[PDB]
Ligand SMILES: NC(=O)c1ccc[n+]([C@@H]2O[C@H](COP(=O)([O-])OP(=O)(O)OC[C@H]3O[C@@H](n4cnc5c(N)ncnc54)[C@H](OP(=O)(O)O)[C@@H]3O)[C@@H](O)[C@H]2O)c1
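The chain that follows stands alone, in the form solved without the ligand, written as structure tokens.
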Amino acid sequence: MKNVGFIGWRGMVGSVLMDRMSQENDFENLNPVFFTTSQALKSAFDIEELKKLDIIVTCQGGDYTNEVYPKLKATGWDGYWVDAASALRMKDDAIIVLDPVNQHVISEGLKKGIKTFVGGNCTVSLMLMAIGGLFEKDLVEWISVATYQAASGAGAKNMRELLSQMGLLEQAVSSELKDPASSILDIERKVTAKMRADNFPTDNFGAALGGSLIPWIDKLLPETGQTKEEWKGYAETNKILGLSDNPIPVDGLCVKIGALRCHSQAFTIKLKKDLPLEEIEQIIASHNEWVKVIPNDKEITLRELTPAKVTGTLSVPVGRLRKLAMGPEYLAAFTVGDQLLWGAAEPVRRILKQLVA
């Protein structure tokens, strides 16, 4: 069978991948070889042991990749490189995977002789799994996005900080909250106080996240005024759709909120043909077995369209669909997807399964 090496399989994303693979018995279809960066099992830095593999799967990160990738390719290595980091997402000899969406693109690239497969950005990947149909039929003209992003996107220490923040905030009015008749204004006066205090842990976000929000993700790009996170929206969406020559505008603002592992997005999609709302739906629900069209009803939206609902699942619900006051050629949509699954580990695990077949 195929000899596949795994690097950074103990990190957060690497762990979700290992678990998913176990749950689906993917190891029974390949010869696994594990590497480590520890000096406490092969060395993730041993180019020779790495050159012997048919496939390298890494969740280690950008640095590792930027340090080992070129080094390996220098030895004439003929194998496949599957990476979750964004380090190689743009390179011309690399493809961004998301098979439920861009299979056709993946198939052609495998033939053209591409050996580098990179998973895509969480927000873009999640957006495509939700409203893929619209891009299928080519009904999309442009998209304005506002995201409600989760802590896991920045990392494990971030999730721990958010939880810590929430804890300290309640603990600050723990007694007052128990007295059904205490002043609400006094209580918030206190919570806001603790949130603003010096001992309030914010080293990981650079600001309060619990009980608040941060409208800035990643680095600034003086070029267009976007943040690198918002940019990937235009860049990666099109590279996944292979329409880098006929670029569909995808843009908006990215904001992190107090959620652990699910991203949510508010969509304003400009179509190209006033079609029945009842039709636009079937087009969405048909694109893939995961997306789930949630009817625009209260009790059900509260039960289905939330992070509490989709967390740790592969379900991609999309809802609150309706035309916007700007005309029947303006659709509104809201969606929620697990950041660690379709936004990270799952797309890698799928291309890999395709490779060892």
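We number the residues from 1 along the sequence you see.
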51-59 versus 320-328: which one carries the higher mean Cα B factor per the record? 320-328
Per the entry, higher mean C-alpha B factor between 135-143 and 77-85: 135-143
Among 264, 165, 286, 183, which carries the highest Cα B-factor? 286
Tell me which of 210, 113, 120, 206 tops the list for C-alpha B factor in the record. 113
Based on the entry's values, in what third of the chain does the Cα temperature factor of residue 153 lie: lowest, middle or highest? middle
According to the PDB entry, is the CA B factor of residue 159 in the bottom, middle or top third of its chain, that is, lowest, middle or highest? lowest
Cα B factor band for residue 238 (lowest, middle or highest third within the chain): highest
CA B-factor ranking of residue 106, expressed as a third of its chain: highest
Chain-wide C-alpha B factor ranking for residue 32, given as lowest, middle or highest third: middle
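We do not show the form deposited with the ligand bound, though everything after this point is about it.
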Of 288, 37, 31, 301, which residue is found within 4.5 angstroms of the ligand in the deposited bound form when only non-hydrogen atoms are counted? 37
Please run the contact check for residue 339 against the ligand in the deposited bound form: heavy atoms, 4.5 angstroms, yes or no? yes
Can you work out whether residue 59 and the ligand are in contact in the deposited bound form, taking contact to mean some heavy atom pair no more than 4.5 Å apart? yes
Should residue 347 be classed as touching the ligand in the deposited bound form when contacts are defined as heavy atoms within 4.5 Å? no
State yes or no: in the deposited bound form, is some non-hydrogen atom of residue 128 no more than 4.5 angstroms from a non-hydrogen atom of the ligand? no
